[PDB]
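Trainee: Compute the structure for the input listed below.
(4 chains)
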Amino acid sequence: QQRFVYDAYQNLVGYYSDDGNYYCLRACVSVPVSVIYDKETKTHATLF
Amino acid sequence: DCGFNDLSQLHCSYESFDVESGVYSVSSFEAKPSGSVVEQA
Amino acid sequence: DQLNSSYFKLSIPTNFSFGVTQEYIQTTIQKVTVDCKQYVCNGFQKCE
Amino acid sequence: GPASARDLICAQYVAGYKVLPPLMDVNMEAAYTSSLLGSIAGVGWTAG
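Mentor: Residues are numbered from 1 along each chain as shown, chains lettered A, B, ... in the order given. Below, you will see the structure:
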């Protein structure tokens, strides 16, 4: 009946459809990027 | 130019063209919204 | 009790025991890298 | 999904901060302790 479900953080983590189907809501993931670089080479390697 | 590749971002973050070693850079490829589920009333 | 004489009282154990003392020393901490683009933006276009 | 409510690992990705791995792998660290145990048996025979 409430429809909007929230976690302890209080971020929205659930949605209820009119038919009552429920879809978990998860915030979009970081996909983190870091750079490995050597000054002498002057070249870099992408790091995830 | 910062907006090209992670190597370009690394130069912009440090602010030096001759970047030092150490694995320091901007992080988290911005996961752009693939779609949009606007479901209001 | 100290003795007022050339002889001195000595307290010495007639029994022995072995015990293990457990100690923890922290040599490392979790290493965290934080970026504003995912943390503060992750969209909005104008925010970027 | 999160293994537990307020899962720390899931929270890191949603925020975008990434926890870096330790410098030495667990297997290599186990080898260091095993070599130390072997040294303990005969190390205390003489100074130096």
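Trainee: ok, and what's touching stretch D:3-12?
Mentor: The contact list for stretch D:3-12 (CB atoms under 8 Å, 6 or more residues apart in numbering or on different chains) reads A:7, A:8, A:9, A:26, A:30, C:32, D:1, D:2, D:18, D:19. The way it works is simple: take the backbone N, C-alpha and C, and place the C-beta from them, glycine included.
Trainee: Could you verify that residue C:7 is part of a helix?
Mentor: No - when DSSP: H, G, I helix; E, B strand; the rest coil is applied, residue C:7 is found to be coil, with no helix at that position.
Trainee: who in chain B is up against chain D?
Mentor: Counting by CB under 8 Å from any CB of the partner chain, chain B comes close to chain D at B:27, B:28.
Trainee: Relative to chain D, which residue of chain B is the closest?
Mentor: Nearest residue of chain B to chain D, counting by CB to the nearest CB: residue B:28, 4.1 Å away.
Trainee: Next one: the residue of chain C found nearest chain A from chain B, what distance?
Mentor: Residue of chain C nearest chain A, by CB to the nearest CB: residue C:38 (4.8 Å). Distance, residue C:38 to chain B, by CB to the nearest CB, to the nearest Å: 3 Å.
Trainee: surely that residue meets residue B:26?
Mentor: No - under the criterion of CB atoms under 8 Å, residue C:38 is not in contact with residue B:26, lying 9.9 Å apart.
Trainee: Pick out the residue closest to the middle of chain A.
Mentor: In chain A, the residue lying closest to the centroid (CA atoms, centre = their mean) is residue A:29, at 2.2 Å.
Trainee: Could you check how far the closest residue in space to it that isn't next to it in sequence is from residue D:6?
Mentor: In this structure, residue A:29 finds its nearest non-sequential neighbour in residue D:13, 4.6 Å apart by CB to CB, 6 or more residues apart in numbering or on different chains. Using CB to CB, to the nearest Å, residue D:13 is found at 14 Å from residue D:6.
Trainee: Compare the two (neighbour count), which wins?
Mentor: residue D:13 (20 against 10; other CB atoms under 10 Å in any protein chain shown).
Trainee: Now the more buried one, what are its backbone angles?
Mentor: phi -70, psi -40 (degrees, to the nearest 10).
Trainee: Give me the distance between residue B:22 and residue C:3.
Mentor: Per CB to CB, residue B:22 is found 69 Å from residue C:3.
Trainee: Sweet, I'm off.
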